[PDB]
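The chain below stands alone and is given in structure tokens; this is the form solved without the RNA.
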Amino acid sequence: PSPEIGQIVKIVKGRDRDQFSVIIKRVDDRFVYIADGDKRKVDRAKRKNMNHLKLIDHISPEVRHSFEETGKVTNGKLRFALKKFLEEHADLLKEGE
């Protein structure tokens, strides 16, 4: 599948390995930029090779809308997009420490 703006990823390799993030820009199917609005704010968005990310089947239409209409997204909107993902999977994640 082709990485999408607003799509959740799990980071496979990098500083924030094993954390969740959001794709906010796509160069192509090989390189994207990620940010989570928290550990990595939009002003520090990071170019990633897709080999170092796992695409998750969750896409935020609100993040996509913000980019489509204005070319940017707020940190808080990214945090909320990730929160909705976490809510859906809370029972999978609740034993995390």
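Note that residue numbering follows the sequence shown and begins at 1. Superpose the two forms; the largest set of C-alphas matching within 1.5 Å is the rigid core.
Engineer: Consider 21-29 and 75-83 separately and indicate which one has Cα atoms farther, on average, from the shown form in 4 other deposited structures of this protein after rigid core alignment.
Structural biologist: Between the two stretches, 21-29 moves farther in 4 other deposited structures of this protein.
Engineer: Taking the recorded C-alpha temperature factors, which stretch has the higher mean, 51-59 or 24-32?
Structural biologist: Per the PDB record, 24-32.
Engineer: By the entry's C-alpha temperature factors, tell me which of 10, 89, 13, 79 sits highest.
Structural biologist: Comparing C-alpha B-factors across 10, 89, 13, 79, the maximum falls on 13.
Engineer: Sorting the chain's CA B-factors, does residue 72 end up in the lowest, middle or highest third?
Structural biologist: Middle third, going by the recorded CA B-factors of the chain.
Engineer: Based on the deposited C-alpha B factors for this chain, I'd like to know if residue 44 is in the lowest, middle or highest third.
Structural biologist: For residue 44, the deposited C-alpha B-factor lands in the middle third.
Engineer: Within this chain's modelled residues, let me know which third the CA B factor of residue 84 belongs to: lowest, middle or highest.
Structural biologist: Residue 84: CA B-factor falls in the middle third of its chain.
Heads up, the form solved in complex with the RNA isn't pictured, but that's what we're talking about next.
Engineer: Tell me, yes or no, whether residue 83 is in contact with the RNA in the deposited bound form, where a contact means a heavy atom of each within 4.5 Å.
Structural biologist: Output for residue 83 is no: heavy atoms all beyond 4.5 Å of the RNA.
Engineer: Answer yes if any heavy atom of residue 13 is within 4.5 Å of a heavy atom of the RNA in the deposited bound form; otherwise answer no.
Structural biologist: Close contact exists here: in the deposited bound form, residue 13 approaches the RNA to within 4.5 Å, heavy atoms only.
Engineer: Although the RNA is absent from this view, report whether residue 64 comes within 4.5 Å of it in the deposited bound form, heavy atoms only.
Structural biologist: No, residue 64 is distant from the partner.
Engineer: Even though the RNA is not shown here, does residue 17 get within 4.5 Å of it in the deposited bound form, heavy atoms only?
Structural biologist: Contact with the RNA, yes.
Engineer: Enumerate the residues of 23-40 that have a non-hydrogen atom within 4.5 Å of the RNA in the deposited bound form, in sequence order, or give none.
Structural biologist: Those in contact are 30, 31, 39, 40.
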